[PDB]
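Q: Please read through the structure below; I'll follow up with questions.
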Amino acid sequence: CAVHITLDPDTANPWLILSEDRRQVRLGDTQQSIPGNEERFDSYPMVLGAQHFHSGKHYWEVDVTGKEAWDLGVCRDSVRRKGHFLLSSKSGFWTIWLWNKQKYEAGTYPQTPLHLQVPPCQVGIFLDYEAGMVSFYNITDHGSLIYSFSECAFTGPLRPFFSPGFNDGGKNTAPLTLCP
Ligand SMILES: CCn1ncc(C(=O)N(C)[C@H]2C[C@@H](c3cccc(C(F)(F)F)c3)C2)c1-c1ccccc1
C-alpha cells in the first residue's frame, strides 16, 4: 500500500520551501511572496500531499534527521486553511509532533506525551480508512509503534499533512524528505 506522495504547492504556507520534485520541504529564512489562494495555510508553516484518500490502505515514510521540530500525519481535506486553530484529532488532524528537540507528543486533545527510547530519524505513517486507523512507526527502531489513532470514523477525503517546524528565528531549517 506504499504510495508516492507529492507536496501540493497551492496549500504550502509562504514560510515553506518545496524542492523542484515536491518530495522535500523546509522552513525558509523569510516569507516567499506567492499568490493568495483559499487552499493555502496562512498562519503556520504547513503543507498537504497532493494525494486524496477516500478509502483503502496507504503507507509513506518521511526522513526527519537533524530536526528539533516537526509535525506529520493526515487531515480531512475539509479543514479550515485561514487563521489560527489547534492541531487535534477533534479538529480533523491525526498527527504526531516533535518540538523543543526531545518533546514527542500525539496530537490528541488534550495532547498525549510519547516516550521514545530511540529518537526516530525516519517515520512511517499508515492510514486505514475503513478501520478509522492512523498509525505511526519508528523506522529507526525496526518499525516499533509510536502511536495509533483508532475509531477516527472518517467521512470525506483525507490528505497527507506535513510541517517541518514553526518559525522562531531558530536553526530548524533541515528538510522533511519523503523516502523512495
Ligand atoms: C497549530 C497550533 N498548535 N496546535 C497545537 C500546538 C501545540 O500545542 N504545540 C505544542 C505543538 C508545537 C508542535 C508543532 C511542531 C512542528 C510544527 C508545528 C506547526 F504548527 F507549525 F505546524 C507545530 C505542535 C500548536 C502550536 C503552539 C505553539 C506554536 C505553534 C503551534
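Here the Cβ positions follow ideal geometry from the backbone for every residue, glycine too, while neighbour counts run over all protein chains shown. Any read-out appearing in this document is the output of simple, stated calculations on the displayed coordinates, not a laboratory observation.
Q: Answer yes if at least one residue in the range 115-135 is crowded, with 17+ Cβ neighbours inside 10 Å, of a type in the set (A, V, I, L, M) and closer than 23 Å to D168 by Cβ, and no otherwise.
A: yes
Q: If you go through the range 68-83, how many residues are farther than 10 Å from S163 by Cα, among the small types (G, A, S) and either in contact with a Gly (Cβ under 8 Å, 6 or more places away or on another chain) or away from the ligand (no atom under 11 Å from the Cβ) (or both)? Before the answer, list the steps.
A: The initial filter retains those residues of the range 68-83 that are farther than 10 Å from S163 by Cα, namely 68, 74-83.
Cutting the leftovers down to among the small types (G, A, S) gives us 78, 83.
So of that shortlist, the ones also either in contact with a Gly (Cβ under 8 Å, 6 or more places away or on another chain) or away from the ligand (no atom under 11 Å from the Cβ) (or both) come out as 78.
Qualifying residue count, the range 68-83: 1.
Q: Here is a follow-up. Go through the range 153-176 and count every residue that is more than 16 Å from the ligand (Cβ to nearest atom) and either touching a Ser or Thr at 6+ places or on another chain (Cβ under 7 Å) or part of a strand (DSSP E or B) (or both).
A: To start, the set of residues in the range 153-176 that are more than 16 Å from the ligand (Cβ to nearest atom) comprises 153-158.
The next check asks that each one be either touching a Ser or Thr at 6+ places or on another chain (Cβ under 7 Å) or part of a strand (DSSP E or B) (or both); those that pass are 156, 158.
Within the range 153-176, residues that are more than 16 Å from the ligand (Cβ to nearest atom) and either touching a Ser or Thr at 6+ places or on another chain (Cβ under 7 Å) or part of a strand (DSSP E or B) (or both) number 2.
Q: What pairs can you find where one residue is in the range 64-77 and closer than 23 Å to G92 by Cα, the other is near the ligand (Cβ under 10 Å from one of its atoms) and of a type in the set (S, T, N, Q), and their Cβ atoms are less than 7 Å apart, with a gap of 6+ or different chains?
A: Within 7 Å, the pairs are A69/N172; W70/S163; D71/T95; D71/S163; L72/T95; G73/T95.
So that you can scan it fast, the table gives a plain yes or no per residue for (1) surrounded by fewer than 17 Cβ atoms within 10 Å (Cβ to Cβ); (2) in a loop (DSSP other than H, G, I, E, B); (3) touching a residue at least 60 places away in the same chain (Cβ under 8 Å); (4) of a type in the set (D, E, K, R):
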site	(1), (2), (3), (4)
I5	no, yes, yes, no
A12	no, yes, no, no
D21	yes, yes, no, yes
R26	no, no, yes, yes
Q31	yes, yes, no, no
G36	yes, yes, no, no
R40	no, yes, no, yes
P45	no, yes, yes, no
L48	no, no, yes, no
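Q: Would you say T112 is more than 28 Å from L18 (Cα to Cα), hydroxyl-bearing (S, T, Y), out of contact with any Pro (no Cβ under 7 Å at 6 or more places or on another chain) and within 14 Å of the ligand (Cβ to nearest atom)?
A: Working: more than 28 Å from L18 (Cα to Cα): yes; hydroxyl-bearing (S, T, Y): yes; out of contact with any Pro (no Cβ under 7 Å at 6 or more places or on another chain): yes; within 14 Å of the ligand (Cβ to nearest atom): yes.
Yes.
Q: Additional query: Go over the candidates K90, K101 one by one and state the one that is surrounded by fewer than 16 Cβ atoms within 10 Å (Cβ to Cβ), part of a loop (DSSP other than H, G, I, E, B), charged (D, E, K, R) and within 16 Å of the ligand (Cβ to nearest atom).
A: Working: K90 fails: part of a loop (DSSP other than H, G, I, E, B).
Among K90, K101, only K101 is surrounded by fewer than 16 Cβ atoms within 10 Å (Cβ to Cβ), part of a loop (DSSP other than H, G, I, E, B), charged (D, E, K, R) and within 16 Å of the ligand (Cβ to nearest atom).
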